[PDB]
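Peer 1: give me a model of this one.
(5 chains)
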Amino acid sequence: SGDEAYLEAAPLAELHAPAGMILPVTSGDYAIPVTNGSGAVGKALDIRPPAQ
Amino acid sequence: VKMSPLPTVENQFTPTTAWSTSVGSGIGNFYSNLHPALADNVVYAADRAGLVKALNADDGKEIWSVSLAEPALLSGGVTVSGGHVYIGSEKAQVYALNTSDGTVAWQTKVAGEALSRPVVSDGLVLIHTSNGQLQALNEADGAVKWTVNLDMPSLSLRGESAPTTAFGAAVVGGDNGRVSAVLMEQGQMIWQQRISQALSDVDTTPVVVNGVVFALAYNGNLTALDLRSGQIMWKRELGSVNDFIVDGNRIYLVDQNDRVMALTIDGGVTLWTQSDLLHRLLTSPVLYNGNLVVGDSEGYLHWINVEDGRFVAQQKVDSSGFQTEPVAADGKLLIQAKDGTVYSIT
Amino acid sequence: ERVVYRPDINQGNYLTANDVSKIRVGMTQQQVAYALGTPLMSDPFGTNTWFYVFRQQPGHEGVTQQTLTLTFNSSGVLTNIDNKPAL
Amino acid sequence: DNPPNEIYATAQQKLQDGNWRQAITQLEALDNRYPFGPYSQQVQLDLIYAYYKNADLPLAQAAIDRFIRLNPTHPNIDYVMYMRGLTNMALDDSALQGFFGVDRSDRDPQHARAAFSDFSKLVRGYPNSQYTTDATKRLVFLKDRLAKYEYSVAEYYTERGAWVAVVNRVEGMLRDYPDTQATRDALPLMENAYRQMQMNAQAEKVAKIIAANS
Amino acid sequence: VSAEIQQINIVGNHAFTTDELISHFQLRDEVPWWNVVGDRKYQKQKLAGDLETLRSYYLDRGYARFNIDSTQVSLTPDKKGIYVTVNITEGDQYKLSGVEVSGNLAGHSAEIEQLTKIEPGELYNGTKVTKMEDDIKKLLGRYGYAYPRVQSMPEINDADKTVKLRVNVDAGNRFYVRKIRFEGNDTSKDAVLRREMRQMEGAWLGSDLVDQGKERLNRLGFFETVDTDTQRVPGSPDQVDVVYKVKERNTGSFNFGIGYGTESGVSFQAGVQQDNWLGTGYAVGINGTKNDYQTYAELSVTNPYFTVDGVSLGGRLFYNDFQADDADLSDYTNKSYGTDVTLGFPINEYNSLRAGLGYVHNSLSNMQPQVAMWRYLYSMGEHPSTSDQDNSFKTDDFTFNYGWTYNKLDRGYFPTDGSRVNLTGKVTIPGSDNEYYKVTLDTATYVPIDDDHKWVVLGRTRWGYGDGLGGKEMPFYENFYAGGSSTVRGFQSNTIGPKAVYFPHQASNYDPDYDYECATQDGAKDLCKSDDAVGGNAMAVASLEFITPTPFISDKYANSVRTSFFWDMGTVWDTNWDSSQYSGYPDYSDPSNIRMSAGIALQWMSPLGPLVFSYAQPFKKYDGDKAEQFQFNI
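Peer 2: Numbering: from 1, shown residues only, chains lettered A, B, ... in the order given. And now the structure:
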């Protein structure tokens, strides 16, 4: 458990609408917001709770 | 919880058993007001099994015996007047038996169970029931005239306030803690007042003297009420279920904790209190030879003096013990234990 | 093969002869939905179309399908209708 | 019995050493003996951390709920959200078949679904938190891991031949999970279902869609 | 300390005697002399169900206008006693004139009329009306009306002691299943659960089908409990998203052991069974032994669904090499292996056939002379001398496999209702080394005697037969056996039945003063009555296990611990025994020598697997039988 497997998830890519076509309206229930990537990833992250 | 031990009592006199006679199988674990009564030197007795017998008051010999059964379930005292014996049952039936032959004069189905002692006054026989329909019966034929509804609490006590009659108004208790007064003319309501205090607040038999009523709730208040107004004049916190006596200017009673007390008629001030019999389930007291006799659940008749309230005699009479109240009349003291046997004391 | 006991396979709406009679050209979306029940499939893409299919495969008998197509304009009034009874 | 900080020191040392079991036996003394005290915060967070590093995932989740109920405002709440996400995710993993490398995609997705919801809440509520990158990557993984289960239901229905189920399931993926690889793999299933339903008007449309994104 | 119900009383009740009424209530005043567990603890909430029971009982005897006038409960002054009085009015009993159904019938008029039909003049019954209401509800559900409005309004014709029943029904809108969901199959593949369903997603709902889904899941045995929830889809009028809630459990046992002084030496052996290997639904079973004098091994793999139609496919592997006294060169040395491949398909919802082909290899050397084996070999045309042990035999045989299994068990691993029948039969392929046919019939019948399914009478029997097809006889190596944990408790494993009769012969690899049977070296010079079991060609075993509730164990063990009394009878015998030549030996021709045993059986589904604890008396043996009273198996 807690393996790095989730880093192997393939990169995401939108489906392109063909000419004269519109794809189904996307549900917002599973959207992905975007922010700065400066944070660490995987085991490099200090999973320990913040200190005082 | 612990219950008080028997007291050491040096007897000033040696009361003796004149006679005793077995009657059926007793009441045993059951609880009811089934007690014997004396009229014209004849002792009438009954038992839950259904046997009803007439006993000579002095010799103790049976004169006649009959069974009304099958669990006949007789209950609610044995009252006698005018040559008839009225006996309730925890089934609807209430029987009126001729004293001479012992055949059933008439039988009537009164609504609900007939726990209370039937009382007879000016040709009407009152019965108070577990469902509150205080009914009245003609002594002659047994047909009902009127019924009165007294509300039923969710949790009650297995006992109903037998009524008492004074100046045409029958005063009767109620399981909801409201002593009530009703005219026997047709059962018209007269007045009603709550006597309970903030659970079970059931009432028992009241008594009236010199125009002032007395009532006594299981919990809350002992009080006196004006017969003509029903207004409460004075009150005390002595709750109980057992019958209590009026004599002279004193009030003798037994509390719900079996502590025996004497109170004044006016103001309810305590004269003395006796507490040795605490938690010894005590029969209602009865006056005899200037003294009060109370039976217990351990078969002891405890005799107590009026003036100080200390014990004057203490004797075993039975192993099963006396739940039902003793009776005293015509100079003879009578009592029957839980077991089916009436004991005559002297 | 057919000899083995496959369970009966039901698919699509329970479109039947009586209710399809109530459909009238030009009728509004809500009442047609009420008449046939909700569509169990609809064209997910740009064309505003409703598809009713009544399909059954009993244990060994052949598949039977009755497909009904409904098209609507931008405001949901039935513009064209066709009812394929079999195959 | 020792005063709070000294016992906390040994507790933290054993936690650092990774002796998770005896470490948590040390941690659980503080909150029971010294509730409401000033140290309650750090002991509780370390308690969440210790349960998570242990296999006691549901107890970690219960503790995280009992924590978040108390202090909606807290400078470290984002960490508790991240730990909630992690303890939801770790319940999706397994030991024996994980070692064998068998994909667990088509099993229960409810845990993965809750993990995605919680991580999305984290990244949308605290976009500047240092854990936001891990939350974004884990959301990327969880979207695919949900769409893979949904596709694996579509696959079974195609193989049985309940074509309406296939069409509805693939439409559901195109509505919720359009961007993922699972839809790109599943569109052939919806094409096949439409053609088996003699629904050529829709089959041509699906053919156009798959052609445009081949 | 608390009060106790000292008397229950009911006024009126002229139709039925009070004792009869109080025979049914949970509240009860007195203890039968033969019972002790009848606690008299009164509780206020407990009386409500009792009063409803009285309601239903009087409604079930025709007293339509029955009502409770009032109920009074009172304490004794001492607080030690409760009396409960129920005051009722019966009235007259009424009989049903007829039932009229009105409303929206949804086109099912014939069936609804059939369900509500009644014989004329029958007494009114509350149970009857409730049954009709529920039956019409489920009938409407069967055609896809999940939520039909049903109302039963009786009309009293007091003028003639009769009642007319008015039923109003409105089916509503047919419901389609939008999205079937599974919650709790953490390990098993979602396909493994969904394959069992009969309600396909995106189709009109069906109460029968969605219930059969639960029924089949419960039969599969991979889950402790299964719950179904026809939750309505929000925002839509007629779509329901059926949800199955499940809970998985262990599905096998992992038995391992090592030899001690009770064995020939310190060596490993194992036995493994698994029904849901890695949650994919495959069934796997392996056995392995490497004893110094035996290297038996066995393996089996079965796919319950080779194709989604239900065609089951599986196979079996086994290997054996056994020596009787030593390793390098030993008496009665045998080597054997075989391959079985099985294909099975369901012929209906409950019956499934099986088919396949089996291949078996057998070799024997240094065989101990005995009547049965040499009779068989005489059948095959071999002529091995009885006086000399230095001879061997070999065989290569292929068999056609078939079988029939009927399964109506209510639950997989602790069944309480239905029965299971399993008929398996083998026939040699023409041209094979052996020419025999064998058929065996197994039957397990569960019937509950109490409605709670805690008292269950288990009727279980096994039967078997076999015979040579040509002039030959069926092979000794494959005979039936009885005794042990499976067939008959008490007796030693594979011990019941006809008993070998050795000839006097010279013993190979002999060593002086070692334990040996019937050797001229030891001076044995006559035919031999012996205690070494040999099995037989035909058998019949029966059992009646009286399953009972676990008496004094908490509910946490309710679904894991089971106990039962039992009575066993069983027999094995040879139809081909020639009794004429062996007057001085037991006549195995007659099956009249039934073995019997009895005892107590305890079953515990421990986390590591099922545990069988058995203690029994073989209260009717026959000569030559061996038994141990207490026997244990995993």
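
Peer 1: ok, the closest residue in space to residue B:292 that isn't next to it in sequence - contacts?
Peer 2: What sits nearest to residue B:292 in space, not counting adjacent residues and going by CB to CB, 6 or more residues apart in numbering or on different chains, is residue B:285, at 4.6 Å. Using the backbone N, CA and C atoms, a C-beta is placed for each residue, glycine as well. Shown in contact with residue B:285 (CB atoms under 8 Å, 6 or more residues apart in numbering or on different chains): B:242, B:243, B:244, B:245, B:252, B:253, B:254, B:260, B:292, B:293, B:294.

Peer 1: tell me, how many residues neighbour the third one?
Peer 2: The burial metric for residue B:244, expressed as a neighbour count using other CB atoms under 10 Å in any protein chain shown, is 22.

Peer 1: coming back round to it: the contacts of residue B:285 in strands, which ones?
Peer 2: When DSSP state E is applied, the contacts of residue B:285 are split such that B:245, B:252, B:253, B:254, B:260, B:292, B:293, B:294 fall in strands.

Peer 1: tell me the spacing between the closest residue to the fifth one other than its chain neighbours and chain A.
Peer 2: I take that to be residue B:260. Leaving aside its chain neighbours, residue B:260 sits nearest to residue B:274 (4.4 Å; criterion: CB to CB, 6+ apart). Per CB to the nearest CB, to the nearest Å, residue B:274 is found 73 Å from chain A.

Peer 1: quick one: distance of stretch C:51-68 to the chain centre.
Peer 2: Relative to the centre of its chain, stretch C:51-68 is centred 10 Å away, using CA atoms, centre = their mean, to the nearest Å.

Peer 1: now swap in stretch E:366-378 and tell me
Peer 2: Chain-centre distance of stretch E:366-378: 39 Å, with CA atoms, centre = their mean.

Peer 1: and the contacts of that stretch?
Peer 2: With CB under 8 Å, 6+ apart as the contact definition, stretch E:366-378 has outside contacts at E:324, E:330-333, E:383-384, E:386-387, E:389-393, E:473-476, E:498, E:500-503, E:505, E:508-509, E:517-518, E:534, E:574, E:576, E:578, E:582.

Peer 1: write the PyMOL selection for whichever of those residues are buried.
Peer 2: To isolate the buried members of the contacts of stretch E:366-378 in PyMOL, using 16 or more other CB atoms under 10 Å in any protein chain shown:
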select buried, chain E and resi 330+331+332+333+384+389+391+393+473+474+475+476+498+500+501+502+503+505+508+517+518+534+574+576
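
Peer 1: from the contacts of stretch E:366-378, which land in strands?
Peer 2: Among the contacts of stretch E:366-378, DSSP E puts E:333, E:392, E:393 in strands.

Peer 1: one step back: the residue nearest to residue B:260 and residue B:310 touch, don't they?
Peer 2: Yes: contact criterion CB atoms under 8 Å: residue B:274 and residue B:310 qualify, at 7.1 Å.

Peer 1: so which of the two has more stuff around it?
Peer 2: residue B:274 (21 against 12).

Peer 1: just to revisit the earlier point, the ones in strands among the contacts of stretch E:366-378 into TSV, with extra columns for distance to residue E:127?
Peer 2: Shown next, in TSV, are the ones in strands among the contacts of stretch E:366-378 (distance: CB to CB, whole Å):
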residue	distance to residue E:127
E:333	71
E:392	74
E:393	71
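
Peer 1: is any residue of stretch B:94-102 near chain E?
Peer 2: No: on the criterion CB under 8 Å from any CB of the partner chain, stretch B:94-102 is out of touch with chain E, staying 12.8 Å away.

Peer 1: same question for stretch A:12-28.
Peer 2: No: using CB under 8 Å from any CB, stretch A:12-28 stays clear of chain E, coming no nearer than 13.9 Å.
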